[PDB]
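One chain comes next, on its own, written as structure tokens: the form deposited without the ligand.
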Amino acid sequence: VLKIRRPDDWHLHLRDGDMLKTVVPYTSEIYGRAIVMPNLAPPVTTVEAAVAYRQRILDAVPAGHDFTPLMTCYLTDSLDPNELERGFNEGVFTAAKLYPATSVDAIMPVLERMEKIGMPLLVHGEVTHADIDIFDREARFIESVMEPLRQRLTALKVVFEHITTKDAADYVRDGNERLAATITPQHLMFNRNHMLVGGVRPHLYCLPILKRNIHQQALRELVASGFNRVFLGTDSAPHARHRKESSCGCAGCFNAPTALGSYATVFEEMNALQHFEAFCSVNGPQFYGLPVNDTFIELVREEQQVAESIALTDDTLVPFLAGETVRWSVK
């Protein structure tokens, strides 16, 4: 039996409208807080929009779930640094998120303000040029964007989100107290062979794409080492079935329902359960300057079955590890 401080999810997608209403409870039932990514359509780029989104999230949180969404701002070339800093000072924005659609060299005033106020920058670290092989895009981001940025803004706190490579694992392990990373359950559990051998498995397709085994092993080693600037972020990224099992399936695993148990299994596999609690419930709060939760949950060794699908308004949501049997249940 595993007793841990209630965890938090440092990287989550809740979407919006009815999907939001469906997926929130799976997070709010387990985690005390989550970093709520801003990539809606349209994205959350203003305080008012984040206020509104947070209330839509709260409206959707079941009664008796003690859950706080930590909001983020989608960095754009038009964002006024003053808007960002106001959201940060007012407790609206916990962090700001940089996606490849936005160029660092276009938003230097915003980044400089984040540095000055101590707001963390969350990075989806890929260079997305068509002439870069998909498996190389994360490595390429390190040398071409991440390092020069961190050299220019030396006080800036950066979370390298959902790292998937030895390149990134080494970079993070070897960097300073201002650099951290999150790791999903899928990038610990699997490598590209799992996605592509004996069939193509769209429910294991996500970005950054699963990499070769050597990379999975590097990630597993980093968590299992006790390194305390890596922490739980699921990157739970739900899409409807017709949208994962199609001629052009979307990237993202709906893993909120199973993630915690999956990380427990990985830590057990690596003979590193002593580091499981810090990963889920300590290392994140430490990097972000927030308190650790003071309620507790337990994982008990108990065969569960994962739902084959979950309903939405129309068609279905096919969870990560759908139909499969997992090892831990949340008490």
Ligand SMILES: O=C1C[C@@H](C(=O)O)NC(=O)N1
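Rigid core (definition): largest C-alpha set, two forms, superposition within 1.5 Å. Start at 1 with the first residue shown and count on from there.
Of 265 to 273 and 298 to 306, the stretch whose C-alpha atoms sit farther from the shown form in 7 other deposited structures of this protein, after fitting on the rigid core, is 298 to 306.
The stretch that strays farther, by root mean square C-alpha distance over structures and residues in 7 other deposited structures of this protein after a rigid core fit, is 102 to 110, when 123 to 131 is set against 102 to 110. Legend: mean Cα B-factor per stretch from the PDB entry, 242 to 250 versus 187 to 195; the higher mean is in 242 to 250. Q305: CA B factor in the highest third of modelled residues in this chain (values from the PDB entry). Per-chain ranking of the deposited C-alpha B factor places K3 in the highest third.
Ranked within its chain, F93 lands in the lowest third, by CA B factor from the PDB record. In the deposited entry, the Cα temperature factor of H65 places it in the highest third of its chain's modelled residues.
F135: CA B factor in the lowest third of modelled residues in this chain (values from the PDB entry).
There is another form of the same protein, the form solved in complex with the ligand; it is not shown, and what comes next is about it.
In the deposited complex, the ligand lies farther than 4.5 Å from every heavy atom of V127.
Put simply, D235 is close to the ligand in the deposited complex: some heavy atom of it is within 4.5 Å. Contact annotation for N39: at least one heavy atom lies within 4.5 Å of the ligand in the deposited complex. By the criterion of a heavy atom within 4.5 Å, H215 is excluded from the residues contacting the ligand in the deposited complex. When contacts are defined as a non-hydrogen atom within 4.5 Å, none of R5, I30 and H65 contacts the ligand in the deposited complex. Only one segment in the set 21 to 29, 304 to 312, 8 to 16, 319 to 327 has residues whose heavy atoms sit within 4.5 Å of the ligand in the deposited complex; it is 8 to 16. None of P120, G87, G261, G252 but one reaches within 4.5 angstroms of the ligand in the deposited complex through a heavy atom, and that residue is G252.
Between the options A169, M71, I142, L207, the residue in contact with the ligand in the deposited complex by a heavy atom within 4.5 angstroms is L207.
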